[PDB]
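Peer 1: only geometry, no sequence info:
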């Protein structure tokens, strides 16, 4: 097969990261490891941490656009009622 | 040949070889590297090297006595070799070296020079001897938080904290009467050694060594010492083996012998009768490997260590090796068992009946410390002849088929995959 260009991911053995030295791993078999030991206290406190650091960036745009949609929908159902029909007459023309 | 044994609190066990030209006489203690907490670690190495110190070796060499020592997981030894006419001189020297005094060996200058030398040797071992430090990390992660995990060599961070008080505390707690066996191998008679010990006094201590609460327990884990600036990729991999005094001792060793050892550069090593070689020689997956069946007092290890330069095909090496390991449970043939019988008779008779008396002294001391008497080689050959294929299949189903493994590696081990594919390759899914 032909050669190809320089990529930024190699394969197992020549992956292409920087050379690393003196960094040791430690892992235990999952047969001697108890899974889901960290669901209780975890799904409460870590989930509250993940919500607290991260909710306000979602809650302010939702608040802005929901308030703007609600004000627009309220103004719609105002001016297509009997009370605002002359205003509908002057803004539709 | 014959091995005799007698007792007075000390244990005197010999092997009168009248054909040999030397005679080794020494004491083999029953403490080892597995009897240290992780803060005084390496104190046995430091006793080895103050016994082999320059002043002590000079005083030994004045009479024509060569010293020798050994630090294992289970047993220490302190062996003095001489001509067969100087067994009294060797006993009196060993008496003067350990029993009669220790303060002249433990002077300030001798201790500081020896601590400097062992710190140099441990650093040189740590950064230059790669397959042995892989095997030491394999022990350190197979048996972790448990006293069989401690290396015999000691660690740099602990060994620079030892002072003379720890040496004396270990000596008072482990160099004892019941803990020791005095061994004479080579060209000495048993009656001469017993009459010469009773001619002196040679009483080491009162005895009754620490119990050591934790019992060794295997723990499947891994450790990865990845160093990209090394030319090879050294990797050991083992399961929980058989300890000594087990009925599956020779079966575990014969299972190690089935897949043998290999060196890719030797021509007669590439032609062995192993079915792993047909898979391993095609794309040159490794440079060497050896299958080991290590047996300790509490537990053991069974696995293989290897080294390779083909760092992109390490997973294929592990894959074909472990599929060959899975062949033991299902379909190991009769001819492989007969071949492993013949080769294990060969290497076992080379090990126990080599010409060197100090190795005989180490082996006899370890065996009569653990199991009270030495099993002679003829009964060992009968026990090897009693093994059938069904025994190997039952042992492999007990110990190999879908059991946890322990992995240690250093060098360019990025090609080595995760723990889970290596663990899941222990069972074939096709059986």
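Peer 2: Great, that's in hand. Residues are numbered from 1 along each chain as shown, chains lettered A, B, ... in the order given.

Peer 1: which parts of chain B sit against chain A?
Peer 2: B:141, B:219-229, B:311-315, B:404-405, B:412, B:414-415, B:417, B:419-420, B:423 (C-beta under 8 Å from any C-beta of the partner chain). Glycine gets a C-beta too; all of them are placed from N, C-alpha and C.

Peer 1: please redo it, this time with the cut-off set to 6 Å
Peer 2: Contact residues (C-beta under 6 Å from any C-beta of the partner chain) of chain B with chain A: B:220-225, B:227-229, B:311-312, B:404, B:414-415, B:419.

Peer 1: Now the two most distant members of these.
Peer 2: Taking C-beta to C-beta as the measure, those reach their widest spread between B:229 and B:404, a distance of 31.5 Å.

Peer 1: Spit out the contact partners of residue 91.
Peer 2: Looking at chain A here, since you left the chain open. Contact analysis of residue A:91 by C-beta atoms under 6 Å, 6 or more residues apart in numbering or on different chains lists nothing.

Peer 1: wrong one, chain B
Peer 2: By C-beta under 6 Å, 6+ apart, the contact set of residue B:91 is residue B:196.

Peer 1: so how far is the helix or strand hosting it off the chain centroid?
Peer 2: Assessed by DSSP states H and E, residue B:91 sits inside helix B:87-94. Distance of helix B:87-94 from its chain centroid, counting by C-alpha atoms, centre = their mean, to the nearest Å, is 27 Å.

Peer 1: which other residues reach stretch B:71-84?
Peer 2: So stretch B:71-84 is contacted by B:22-29, B:32-34, B:44-45, B:48, B:51, B:65-70, B:90, B:94, B:152, B:187, B:296-297, B:358, B:361-362, B:365-366, B:369 (C-beta under 6 Å, 6+ apart).

Peer 1: ditto for stretch B:127-135
Peer 2: Residues outside stretch B:127-135 that contact it (C-beta under 6 Å, 6+ apart): B:234, B:236, B:305, B:408, B:410.

Peer 1: Give me the nearest residue to the third one, chain neighbours excluded.
Peer 2: Yep, that's residue B:305 we're talking about. residue B:236 (4.1 Å; C-beta to C-beta, 6 or more residues apart in numbering or on different chains).

Peer 1: returning to that earlier point: tell me the buried residues within the residues of chain B next to chain A.
Peer 2: Among those, those that count as buried by neighbour count (16 or more other C-beta atoms under 10 Å in any protein chain shown) are B:220-225, B:227, B:311-312, B:404, B:414-415, B:419.

Peer 1: quick one: buried residues of the following helix or strand past the helix holding residue B:91?
Peer 2: Later in the chain than helix B:87-94, the nearest helix or strand by DSSP H and E is helix B:108-128. Using 16+ other C-beta under 10 Å as the test for burial, helix B:108-128 gives B:110-111, B:113-115, B:117-119, B:122, B:125.

Peer 1: mind giving me JSON lines with those residues and columns for distance to residue B:382?
Peer 2: Converted to JSON lines, these look like this (distance: C-beta to C-beta, whole Å):
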{"residue": "B:110", "distance to residue B:382": "50"}
{"residue": "B:111", "distance to residue B:382": "50"}
{"residue": "B:113", "distance to residue B:382": "51"}
{"residue": "B:114", "distance to residue B:382": "46"}
{"residue": "B:115", "distance to residue B:382": "49"}
{"residue": "B:117", "distance to residue B:382": "46"}
{"residue": "B:118", "distance to residue B:382": "44"}
{"residue": "B:119", "distance to residue B:382": "48"}
{"residue": "B:122", "distance to residue B:382": "43"}
{"residue": "B:125", "distance to residue B:382": "40"}
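
Peer 1: re the thing from before, only whichever of the contacts of stretch B:71-84 are buried, select them in PyMOL.
Peer 2: In PyMOL, a selection of the buried entries from those looks like this (16+ other C-beta under 10 Å):
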select buried, chain B and resi 22+23+24+25+26+27+28+29+32+33+34+44+45+48+51+65+67+68+69+70+90+94+152+187+296+297+358+361+362+365+366+369
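
Peer 1: Is residue 25 bridged to anything, and to what?
Peer 2: No chain specified, so I'll use chain A. Listed beta-bridge partners, residue A:25: residue B:224 (assigned using DSSP bridges).

Peer 1: sorry, should have said chain B
Peer 2: Where residue B:25 sits in a bridge, its partners, by DSSP bridges, are residue B:80, residue B:184.

Peer 1: Residue B:16 too?
Peer 2: residue B:186.

Peer 1: tally of neighbours for it?
Peer 2: 20 (other C-beta atoms under 10 Å in any protein chain shown).

Peer 1: Correct me if wrong: it contacts residue B:187.
Peer 2: No - at 7.5 Å, residue B:16 and residue B:187 do not qualify as touching, with contact defined as C-beta atoms under 6 Å.

Peer 1: all helices of chain A, in order?
Peer 2: A:47-52, A:56-79, A:85-92 (DSSP state H).

Peer 1: Just to be sure, residue B:404 is in a strand?
Peer 2: No - using DSSP: H, G, I helix; E, B strand; the rest coil, the secondary structure at residue B:404 is coil, not a strand.

Peer 1: Contacts only, for it.
Peer 2: A:29, A:31, B:220.

Peer 1: same thing but 8 Å
Peer 2: A:29, A:31-32, B:218-220, B:239-240, B:423 (C-beta atoms under 8 Å, 6 or more residues apart in numbering or on different chains).

Peer 1: In a markdown table, list these along with distance to residue B:340.
Peer 2: A markdown table is the format used below for those (distance: C-beta to C-beta, whole Å):
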| residue | distance to residue B:340 |
| --- | --- |
| A:29 | 29 |
| A:31 | 29 |
| A:32 | 31 |
| B:218 | 24 |
| B:219 | 29 |
| B:220 | 26 |
| B:239 | 18 |
| B:240 | 21 |
| B:423 | 26 |
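
Peer 1: Got a quick ChimeraX command for the buried subset of those residues?
Peer 2: Burial among the contacts of residue B:404 is assessed by 16+ other C-beta under 10 Å; the matching ChimeraX selection reads:
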select /A:29 /B:218,219,220,239,240,423
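
Peer 1: picking that back up, looking at the residues of chain B next to chain A, which are in strands?
Peer 2: The members of the residues of chain B next to chain A that map onto strands under DSSP state E are B:221-225.

Peer 1: need the helices for the stretch 201-350 of chain B, in chain order.
Peer 2: Using DSSP state H, counting those that start in this stretch, the helices of the stretch 201-350 of chain B run over residues B:249-259, B:277-280, B:314-330, B:334-352.

Peer 1: Could you work out which of these reaches nearest to residue A:60?
Peer 2: Of all those, helix B:314-330 comes closest under C-beta to C-beta, at 49.2 Å.

Peer 1: Which parts of that closest one count as buried, going by neighbours?
Peer 2: B:314-322, B:324-329.

Peer 1: ok, now stretch A:64-79?
Peer 2: residue A:79.

Peer 1: what's the answer for stretch B:387-394, then?
Peer 2: For stretch B:387-394, a neighbour-count test (16+ other C-beta under 10 Å) marks B:387, B:391-393 as buried.

Peer 1: need those residues in TSV with secondary structure, can you?
Peer 2: Output for these, formatted as TSV (three-state DSSP):
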residue	secondary structure
B:387	coil
B:391	helix
B:392	helix
B:393	helix
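
Peer 1: Now flag whichever of those is closest to residue A:74.
Peer 2: Nearest to residue A:74 among the buried residues of stretch B:387-394, counting by C-beta to C-beta, is residue B:393 at 81.0 Å.

Peer 1: Give me the nearest residue to the closest one, chain neighbours excluded.
Peer 2: In space, and not counting its chain neighbours, residue B:393 is closest to residue B:329: 6.2 Å by C-beta to C-beta, 6+ apart.

Peer 1: got the domain boundaries for chain B?
Peer 2: Listed by curated CATH domains, the domain ranges of chain B are B:1-202, B:208-431.
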